[PDB]
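Source file: protein06.cif. Holds: mmCIF, C-alpha atoms and all ligand atoms.
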data_target
#
loop_
_atom_site.group_PDB
_atom_site.id
_atom_site.type_symbol
_atom_site.label_atom_id
_atom_site.label_comp_id
_atom_site.auth_asym_id
_atom_site.auth_seq_id
_atom_site.Cartn_x
_atom_site.Cartn_y
_atom_site.Cartn_z
ATOM 1 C CA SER A 7 110.273 113.968 42.775
ATOM 2 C CA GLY A 8 112.493 111.114 41.606
ATOM 3 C CA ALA A 9 114.910 108.393 42.658
ATOM 4 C CA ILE A 10 117.908 106.322 41.486
ATOM 5 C CA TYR A 11 117.408 102.540 41.557
ATOM 6 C CA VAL A 12 120.734 100.653 41.659
ATOM 7 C CA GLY A 13 121.055 97.027 42.854
ATOM 8 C CA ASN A 14 118.939 96.637 45.986
ATOM 9 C CA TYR A 15 119.056 100.364 46.759
ATOM 10 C CA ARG A 16 116.794 103.387 46.194
ATOM 11 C CA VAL A 17 118.514 106.822 46.401
ATOM 12 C CA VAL A 18 116.215 109.776 47.072
ATOM 13 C CA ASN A 19 116.448 113.383 48.318
ATOM 14 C CA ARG A 20 116.453 113.009 52.130
ATOM 15 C CA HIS A 21 113.811 115.807 52.420
ATOM 16 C CA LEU A 22 111.438 113.794 50.165
ATOM 17 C CA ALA A 23 112.002 110.318 51.743
ATOM 18 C CA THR A 24 108.784 108.424 52.555
ATOM 19 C CA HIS A 25 107.786 106.457 55.698
ATOM 20 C CA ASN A 26 108.817 103.317 53.783
ATOM 21 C CA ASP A 27 112.276 104.748 52.915
ATOM 22 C CA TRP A 28 112.888 105.439 56.629
ATOM 23 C CA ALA A 29 111.577 101.919 57.600
ATOM 24 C CA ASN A 30 114.092 100.351 55.175
ATOM 25 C CA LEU A 31 116.922 102.868 55.876
ATOM 26 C CA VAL A 32 120.476 101.959 54.729
ATOM 27 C CA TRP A 33 122.184 105.373 55.078
ATOM 28 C CA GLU A 34 121.228 109.047 55.254
ATOM 29 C CA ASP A 35 123.116 112.335 55.443
ATOM 30 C CA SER A 36 121.253 115.597 56.157
ATOM 31 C CA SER A 37 124.369 117.591 55.081
ATOM 32 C CA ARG A 38 124.117 116.012 51.582
ATOM 33 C CA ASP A 39 120.253 115.885 51.375
ATOM 34 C CA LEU A 40 120.562 112.135 50.540
ATOM 35 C CA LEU A 41 118.854 109.036 51.865
ATOM 36 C CA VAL A 42 119.288 105.467 50.613
ATOM 37 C CA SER A 43 116.777 102.729 51.395
ATOM 38 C CA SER A 44 116.759 98.996 50.560
ATOM 39 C CA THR A 45 114.500 97.466 47.894
ATOM 40 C CA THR A 46 113.288 93.909 47.203
ATOM 41 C CA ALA A 47 113.434 94.306 43.398
ATOM 42 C CA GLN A 48 116.711 94.818 41.450
ATOM 43 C CA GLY A 49 117.134 98.368 40.153
ATOM 44 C CA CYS A 50 117.256 99.779 36.597
ATOM 45 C CA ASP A 51 120.249 102.327 36.918
ATOM 46 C CA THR A 52 124.264 102.395 36.567
ATOM 47 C CA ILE A 53 126.330 104.919 38.657
ATOM 48 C CA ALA A 54 129.056 106.957 36.912
ATOM 49 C CA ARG A 55 132.546 106.638 38.460
ATOM 50 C CA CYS A 56 134.245 109.596 36.809
ATOM 51 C CA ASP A 57 135.118 113.310 37.028
ATOM 52 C CA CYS A 58 132.738 114.603 34.302
ATOM 53 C CA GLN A 59 131.626 118.199 34.702
ATOM 54 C CA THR A 60 129.108 118.123 31.804
ATOM 55 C CA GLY A 61 125.947 116.041 31.521
ATOM 56 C CA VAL A 62 122.196 116.147 30.986
ATOM 57 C CA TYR A 63 119.494 116.455 33.681
ATOM 58 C CA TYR A 64 115.761 115.872 33.687
ATOM 59 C CA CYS A 65 113.682 118.935 34.611
ATOM 60 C CA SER A 66 110.126 117.854 35.545
ATOM 61 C CA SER A 67 108.803 121.454 35.590
ATOM 62 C CA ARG A 68 109.543 121.619 31.829
ATOM 63 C CA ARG A 69 109.062 117.856 30.982
ATOM 64 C CA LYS A 70 112.471 118.167 29.267
ATOM 65 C CA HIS A 71 116.106 117.208 29.556
ATOM 66 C CA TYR A 72 118.735 119.995 29.440
ATOM 67 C CA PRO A 73 122.541 119.834 28.944
ATOM 68 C CA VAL A 74 124.592 121.448 31.781
ATOM 69 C CA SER A 75 128.130 122.363 32.803
ATOM 70 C CA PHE A 76 128.400 121.888 36.598
ATOM 71 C CA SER A 77 130.930 122.653 39.294
ATOM 72 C CA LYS A 78 132.832 119.890 41.154
ATOM 73 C CA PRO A 79 131.143 118.579 44.333
ATOM 74 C CA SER A 80 131.621 121.119 47.108
ATOM 75 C CA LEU A 81 130.296 122.779 50.317
ATOM 76 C CA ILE A 82 127.681 125.354 49.333
ATOM 77 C CA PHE A 83 125.550 127.592 51.498
ATOM 78 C CA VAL A 84 121.841 126.803 51.129
ATOM 79 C CA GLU A 85 119.168 129.188 52.501
ATOM 80 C CA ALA A 86 116.693 127.965 55.153
ATOM 81 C CA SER A 87 113.635 126.105 53.828
ATOM 82 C CA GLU A 88 110.704 124.261 55.438
ATOM 83 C CA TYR A 89 112.954 121.141 55.388
ATOM 84 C CA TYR A 90 116.260 122.443 56.738
ATOM 85 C CA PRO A 91 117.736 125.354 58.644
ATOM 86 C CA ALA A 92 120.239 127.644 56.803
ATOM 87 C CA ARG A 93 123.377 125.455 56.410
ATOM 88 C CA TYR A 94 126.246 124.306 54.149
ATOM 89 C CA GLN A 95 125.203 121.380 51.977
ATOM 90 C CA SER A 96 128.188 119.196 51.066
ATOM 91 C CA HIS A 97 128.898 117.236 47.821
ATOM 92 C CA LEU A 98 126.711 119.753 45.898
ATOM 93 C CA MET A 99 127.358 120.692 42.247
ATOM 94 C CA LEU A 100 125.848 123.866 40.686
ATOM 95 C CA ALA A 101 124.984 124.666 37.128
ATOM 96 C CA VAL A 102 123.031 127.243 35.164
ATOM 97 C CA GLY A 103 119.659 125.745 34.293
ATOM 98 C CA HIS A 104 116.009 126.035 35.150
ATOM 99 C CA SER A 105 114.642 124.414 38.291
ATOM 100 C CA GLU A 106 111.690 124.771 40.720
ATOM 101 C CA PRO A 107 111.260 123.054 44.167
ATOM 102 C CA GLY A 108 109.350 120.045 42.729
ATOM 103 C CA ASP A 109 112.262 119.331 40.378
ATOM 104 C CA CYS A 110 114.238 117.642 43.192
ATOM 105 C CA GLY A 111 114.952 114.003 42.370
ATOM 106 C CA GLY A 112 115.538 114.595 38.639
ATOM 107 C CA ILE A 113 118.539 112.576 37.488
ATOM 108 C CA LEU A 114 121.774 114.121 36.156
ATOM 109 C CA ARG A 115 123.647 111.699 33.812
ATOM 110 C CA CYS A 116 126.877 111.846 31.851
ATOM 111 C CA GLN A 117 128.081 109.248 29.246
ATOM 112 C CA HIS A 118 129.229 106.981 32.162
ATOM 113 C CA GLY A 119 126.003 106.710 34.095
ATOM 114 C CA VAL A 120 124.111 108.478 36.835
ATOM 115 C CA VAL A 121 125.996 111.375 38.413
ATOM 116 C CA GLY A 122 123.489 112.652 40.959
ATOM 117 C CA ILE A 123 120.005 114.072 41.584
ATOM 118 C CA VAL A 124 118.517 117.600 41.635
ATOM 119 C CA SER A 125 118.625 118.893 45.226
ATOM 120 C CA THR A 126 118.659 122.772 45.194
ATOM 121 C CA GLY A 127 117.982 125.696 42.827
ATOM 122 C CA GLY A 128 116.851 129.216 42.223
ATOM 123 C CA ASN A 129 117.107 132.152 39.800
ATOM 124 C CA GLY A 130 118.321 130.191 36.773
ATOM 125 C CA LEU A 131 120.524 127.858 38.855
ATOM 126 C CA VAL A 132 120.207 124.151 39.566
ATOM 127 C CA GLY A 133 122.151 122.165 42.194
ATOM 128 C CA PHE A 134 122.757 118.411 42.145
ATOM 129 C CA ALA A 135 123.656 116.115 45.009
ATOM 130 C CA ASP A 136 126.591 113.998 43.774
ATOM 131 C CA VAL A 137 126.427 110.205 44.265
ATOM 132 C CA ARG A 138 129.632 109.156 42.385
ATOM 133 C CA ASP A 139 131.665 108.848 45.574
ATOM 134 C CA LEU A 140 129.208 106.270 47.103
ATOM 135 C CA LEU A 141 131.123 103.212 45.917
ATOM 136 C CA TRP A 142 129.065 100.837 48.056
ATOM 137 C CA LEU A 143 125.969 101.462 45.837
ATOM 138 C CA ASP A 144 127.492 98.983 43.289
ATOM 139 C CA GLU A 145 128.131 96.143 45.730
HETATM 140 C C1 LIG A 201 115.266 122.338 42.692
HETATM 141 S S1 LIG A 201 114.992 122.976 44.349
HETATM 142 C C2 LIG A 201 114.627 124.688 44.095
HETATM 143 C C3 LIG A 201 114.637 125.257 42.828
HETATM 144 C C4 LIG A 201 114.320 126.596 42.719
HETATM 145 N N1 LIG A 201 114.025 127.378 43.757
HETATM 146 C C5 LIG A 201 114.019 126.802 44.962
HETATM 147 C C6 LIG A 201 114.306 125.474 45.210
HETATM 148 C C7 LIG A 201 114.172 124.896 46.600
HETATM 149 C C8 LIG A 201 115.507 124.540 47.224
HETATM 150 O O1 LIG A 201 116.562 124.878 46.715
HETATM 151 N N2 LIG A 201 115.456 123.896 48.411
HETATM 152 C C9 LIG A 201 114.214 123.524 49.107
HETATM 153 C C10 LIG A 201 114.140 122.034 49.369
HETATM 154 C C11 LIG A 201 115.407 121.542 50.079
HETATM 155 C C12 LIG A 201 116.678 121.967 49.321
HETATM 156 C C13 LIG A 201 117.931 121.553 50.074
HETATM 157 N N3 LIG A 201 118.667 120.625 49.496
HETATM 158 O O2 LIG A 201 118.259 122.111 51.132
HETATM 159 C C14 LIG A 201 116.693 123.486 49.083
HETATM 160 ZN ZN ZN A 202 131.155 110.732 33.405
#

Could you render the structure from this file as structure tokens?
Amino acid sequence: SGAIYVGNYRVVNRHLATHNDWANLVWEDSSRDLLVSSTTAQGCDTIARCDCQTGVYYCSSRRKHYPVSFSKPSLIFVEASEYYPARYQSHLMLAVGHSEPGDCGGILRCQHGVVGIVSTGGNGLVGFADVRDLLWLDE
């Protein structure tokens, strides 16, 4: 679990969005596993606007942060799950690191701000949904 709180927006994994997220929907994209909902309170986070390929992510299944080198956002095949059929997930970045299903939502940050959130994983890999291209989050 986990979310990014920026301005009057809450960014979550689309597969973990609540009834309230859907009732206050701003934008969602099944191909990216992202959903953004509106909030009444002003958020705590800054979004990176950069091309970093190194950063640190929070891994809830270890209660620890780990440094990672990750690939640029791209279209990556993701196996079928209870949430989605087998498909290509876009804007996904992979890295070697521990993750388990419940780790989705963990933030990936570089020196410039929030890069994205944990969205996929398996066998010593971890995938992050990028949010750096969503320029409207800052306005
Ligand atoms: C950190 S998720 C994870 C980690 C390790 N083994 C498995 C997983 C689960 C996982 O990859 N997905 C299930 C939930 C929806 C995901 C998606 N974006 O399509 C895919
Ligand atoms: Zn950066």

Selection dump of the PyMOL selection byres (((chain A and resi 94) around 9) and not hetatm), as a PyMOL selection string: chain A and resi 37-38+81-85+92-93+95-96

Counting only C-alpha atoms and all ligand atoms, the residue of A:119, A:73, A:103, A:112 that sits nearest ligand ZN 202 (chain A):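 Nearest to ligand ZN 202 (chain A): A:119.
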
Straight-line distance linking atom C1 of ligand LIG 201 (chain A) with CA of residue 122 in chain A, stated in Å to one decimal: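 These atoms are spaced 12.8 Å apart.
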
- request: Let me know the residues the PyMOL selection byres (((chain A and resi 39-44) around 10) and not hetatm) catches in the file above, as a VMD selection string.
  value: chain A and resid 9 to 24 26 to 38 45 to 47 89 to 90 95 to 98 123 125 to 126 134 to 137 143

message: Any residue with an atom at most 8 Å from ligand ZN 202 (chain A) counts, using all atoms listed in the file. Which are they? Put them as a list in words.
response: residues 54, 55, 56, 57, 58, 59, 60, 61, 115, 116, 117, 118, 119 and 121 of chain A

Residue among A:91, A:128, A:111, A:79 lying closest to residue 63 in chain A, counting only C-alpha atoms: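 Smallest separation from residue 63 in chain A among the options: A:111.
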
task: Can you work out which one of A:110, A:140, A:100, A:62 has the shortest atom-to-atom distance to ligand LIG 201 (chain A), counting only C-alpha atoms and all ligand atoms?
output: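 Smallest separation from ligand LIG 201 (chain A) among the options: A:110.
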
message: Let me make sure I understand: among A:139, A:127, A:133, A:145, which one has the smallest atom-to-atom distance to ligand LIG 201 (chain A) if we use only C-alpha atoms and all ligand atoms?
response: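 Counting only C-alpha atoms and all ligand atoms, the residue closest to ligand LIG 201 (chain A) is A:127.
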
Edge lengths and centre in Å, axis-aligned, range 103-111 of chain A plus 6 Å each side, as lines of an AutoDock Vina configuration file:
center_x = 114.5
center_y = 120.0
center_z = 39.2
size_x = 22.3
size_y = 24.0
size_z = 21.9

task: Work out how far CA of residue 77 in chain A is from atom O1 of ligand LIG 201 (chain A), in Å to one decimal.
output: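 Separation of atom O1 of ligand LIG 201 (chain A) and CA of residue 77 in chain A: 16.3 Å.
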
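In terms of minimum interatomic distance to residue 109 in chain A, A:66 ranks closest within A:25, A:80, A:51, A:66, counting all atoms listed in the file.
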
- request: Go ahead and compute the interatomic distance for CA of residue 87 in chain A and CA of residue 132 in chain A, in Å to one decimal.
  value: 15.8 Å
